[PDB]
Amino acid sequence: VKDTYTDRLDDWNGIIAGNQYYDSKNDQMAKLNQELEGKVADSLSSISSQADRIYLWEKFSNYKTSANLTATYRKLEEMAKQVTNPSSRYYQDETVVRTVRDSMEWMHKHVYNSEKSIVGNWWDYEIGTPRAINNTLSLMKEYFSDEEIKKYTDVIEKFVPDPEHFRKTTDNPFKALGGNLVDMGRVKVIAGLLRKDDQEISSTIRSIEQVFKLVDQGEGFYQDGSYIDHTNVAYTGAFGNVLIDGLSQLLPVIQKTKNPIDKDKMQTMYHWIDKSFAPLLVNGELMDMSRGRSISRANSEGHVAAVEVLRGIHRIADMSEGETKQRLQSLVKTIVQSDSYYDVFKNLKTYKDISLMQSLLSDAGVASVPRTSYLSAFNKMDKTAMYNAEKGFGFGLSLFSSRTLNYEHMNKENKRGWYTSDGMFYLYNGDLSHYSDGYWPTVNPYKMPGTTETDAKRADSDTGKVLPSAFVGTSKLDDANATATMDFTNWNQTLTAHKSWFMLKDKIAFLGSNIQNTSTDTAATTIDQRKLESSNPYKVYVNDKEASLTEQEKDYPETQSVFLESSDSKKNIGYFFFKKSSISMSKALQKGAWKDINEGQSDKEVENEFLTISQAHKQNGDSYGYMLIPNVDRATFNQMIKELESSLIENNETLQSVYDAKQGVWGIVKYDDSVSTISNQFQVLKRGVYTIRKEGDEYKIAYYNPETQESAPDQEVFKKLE
Ligand SMILES: CC(=O)N[C@@H]1[C@@H](O[C@@H]2OC(C(=O)O)=C[C@H](O)[C@H]2O)[C@@H](O)[C@@H](COS(=O)(=O)O)O[C@H]1O
């Protein structure tokens, strides 16, 4: 029956499909249409049309595997999209209409109904499938009777009767928050509209409002921009994605119901965009350190995942007004235009999203200016993101502590992310494809960049752990300078190391001390493991002399520097060792398959060439110290290292500090409360992390106590000399 409920469903259809906006003369839209035409064609030709069939699609036949239910229903949603698209060859097709109706009834009688119980993954029974069913019925509401709609959505009410919890029919339900809570809306708000149930709509929207509250503990968005999910996992880039992507779709509909959400409540979304998401986007790529186990999905590499966030932001801009709308448009526009590697349209899956992006990109009134430098210390999730606009590089520091899990391996995904938070670092430079094109299945998991580990064999069946210490954190001085430390102990408590980082505008110093090993395994720090481009080969220099790397590891004793020279200076990487160090390097082709790190992925062999740099630690009390200097040419790098000749202030078991004389900035990490005199100019007095700048006779102080997660009055931690 056509009423206010169907009106809302019409709006929903315009959002999840947007057939009303389709234009055959629009190349990008025609491309998506062609993709849907092909998917429906394949589904129609491979579907079982035999009496007493045991499945609809042979490749999604084992229904004890919950994933097969969602995949099946999604094929029907695709049919619904095309049967209602005037330009599709399947528009109002009698066979497709009957195929959707008959398939819904078949699955309802033999696979998914109220008399069934969760078998496999609860997510498919409560989120994946219900969403696919809601969308199918919404799109084809003019072909189904209200009784049929209520009949096919009864199963949804059986598995998801409570808008505040998931796994309600199990022996361990949980409180819905974040991304999951948003999906709760895409399940019950739409189901409510389809069933014309006001109580379901109102109660669900009320539950959804919890999402706008910032938290100071547990799962959710924090004031400092961090986002935690799954109890204690940094997750802005995966579950946070689902949250903004799904919520931006729902809001236009929710705001037109009899239960619209207060404007002041939704105000926090802008905080998420500017504080949480924006910093994690560099040249169109969403930083992997925020994506949890999703890094192990071949169809979701960094640039693809970023689009989930960007399309969400764009929709929010569209529903905003004035300056707010204008600036959000500019944010999306500059990020998209800075991405010369990935075509944003490859992940805009509805006509309205495509249309919005096209108008934005062609609107001269919307400014597209390169983003400025920034540095975000996401202490509540132990990650740090840095971006230098002058030189054009981004830097990500991935840590964990007693407050956070190191890596997530679940649902057979991310089987080898063991060391992705053991002080792993990311460098975002001119090669926008670096962490893409098969990086994850080919990178050697035992040598993640920046990590100090023993060479012990690790099991794919292992799961994450928290760190014994709470002494992990970042002290930020300004948009270009910060200092971080991690009181590191490895997975089996056989190795320790005081690892610290000194972000000094256009370079990052890496210092490690107190390196100890009680095992029979060899210990070493991976200085880098960089994925190469066959098109842009690097010329390697050691102590400014060209070196020829081989698949076989070569030792370079008394190394003062290593320089990776590209034809594009924006891809150059230099490493300056404060004190001559003994390192080893190799360049080799590494093969692997996505299935190796994610059971549900393809076993197809992938291969990439990597340049690995390592420093062995054969004695207790060992240390390492070097400066990473990106994006400068060879002559400039050589000049800079001479300027940094005496930049290392100290690197021992209680004090680590680097000084940038050009800036007049000091980075300092203290592991005890002894009085530390620095550069015969001032003293720092407390265990913690510091970033200090001298501006003649004045001193700006940034102190952070990572264990208590508090700063402190200047006189408690700093004292100028004389
Ligand atoms: C955040 C996350 O990893 N969520 C998991 C699901 O993944 C998301 O799926 C969708 C969607 O619209 O369904 C959008 C996102 O890009 C993607 O991250 C999914 O993996 C389900 C079920 O698993 S599966 O059978 O392995 O595919 O589990 C969620 O936790």
Side-chain angles (χ1 to χ4, degrees), residues 15-17 59-60 62-75 77-78 81 118-136 159 166-167 174 176-187 190 211 219-220 227-231 233-250 276-277 280 286 288-312 346-350 353 405 407-415 417 440 464 594-595 597-602:
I15 292 171
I16 65 170
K59 287 192 183 179
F60 302 117
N62 178 41
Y63 299 115
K64 294 186 179 183
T65 297
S66 58
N68 288 165
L69 279 62
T70 305
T72 294
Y73 279 109
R74 284 185 173 176
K75 276 183 171 294
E77 182 188 5
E78 305 182 323
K81 289 185 177 181
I118 297 175
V119 180
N121 198 329
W122 67 277
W123 189 91
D124 290 300
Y125 283 74
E126 300 173 45
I127 295 176
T129 289
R131 278 168 49 199
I133 292 178
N134 284 329
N135 290 5
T136 299
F159 288 113
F166 273 119
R167 287 209 294 276
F174 74 84
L177 296 176
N180 287 161
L181 181 54
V182 169
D183 270 328
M184 177 66 80
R186 294 197 290 184
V187 171
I190 305 305
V211 79
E219 308 176 331
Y227 175 88
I228 292 290
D229 213 315
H230 286 179
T231 305
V233 184
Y235 245 135
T236 317
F239 280 91
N241 285 26
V242 174
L243 200 167
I244 191 175
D245 182 33
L247 185 62
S248 60
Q249 276 186 160
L250 285 172
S276 300
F277 291 109
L280 298 174
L286 184 59
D288 290 330
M289 65 177 51
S290 72
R291 312 199 299 113
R293 74 181 199 266
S294 291
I295 60 174
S296 66
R297 297 172 186 167
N299 74 334
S300 300
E301 294 180 311
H303 291 264
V304 181
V307 186
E308 292 193 307
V309 174
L310 294 167
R311 70 197 186 195
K346 288 186 179 179
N347 204 25
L348 290 183
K349 320 300 293 185
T350 73
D353 289 315
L405 203 72
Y407 77 109
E408 176 170 286
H409 163 214
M410 79 160 63
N411 296 324
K412 304 182 181 180
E413 300 190 288
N414 197 24
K415 300 183 171 190
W440 287 107
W594 286 91
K595 192 173 186 176
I597 60 175
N598 188 322
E599 257 304 85
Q601 298 288 301
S602 173

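In each ligand, atom 1 is the first atom listed, and ligand 1 is the first ligand listed. Numbering of residues begins at 1 and proceeds along the displayed sequence. Because only heavy atoms are used, hydrogens play no part in the values below, and waters and symmetry mates are left out as well, while side chains stay in.
No heavy atom of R291 sits closer than 4.0 Å to any atom of ligand 1. Residue-ligand proximity: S294 is placed with a non-hydrogen atom under 4.0 Å from ligand 1.
In this structure, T72 and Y63 have side chains that are in contact, with non-hydrogen atoms separated by less than 4.5 Å.
By the definition of a contact as any protein heavy atom under 4.0 Å away, atom 10 (C) of ligand 1 is not in contact. There is a protein heavy atom closer than 4.0 angstrom to atom 30 (O) of ligand 1.
How far CZ of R291 is from CG of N414: 10.0 Å, rounded to the nearest 0.5 Å.
Considering both main-chain and side-chain atoms, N411 never comes within under 3.5 Å of ligand 1 through any nitrogen or oxygen pair. Checking only distances, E308 does come within under 3.5 Å of ligand 1, N or O to N or O. Not a single N or O atom of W123, backbone or side chain, sits closer than 3.5 Å to an N or O atom of ligand 1. At a 3.5 angstrom cut-off on N or O pairs, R293 counts as close to ligand 1.
A donor-acceptor pair under 3.5 Å is absent between the side-chain atoms of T70 and the main chain of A67, judged by distance alone.
Selection from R297, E413, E408 by nearest heavy atom to atom 20 (O) of ligand 1 gives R297.
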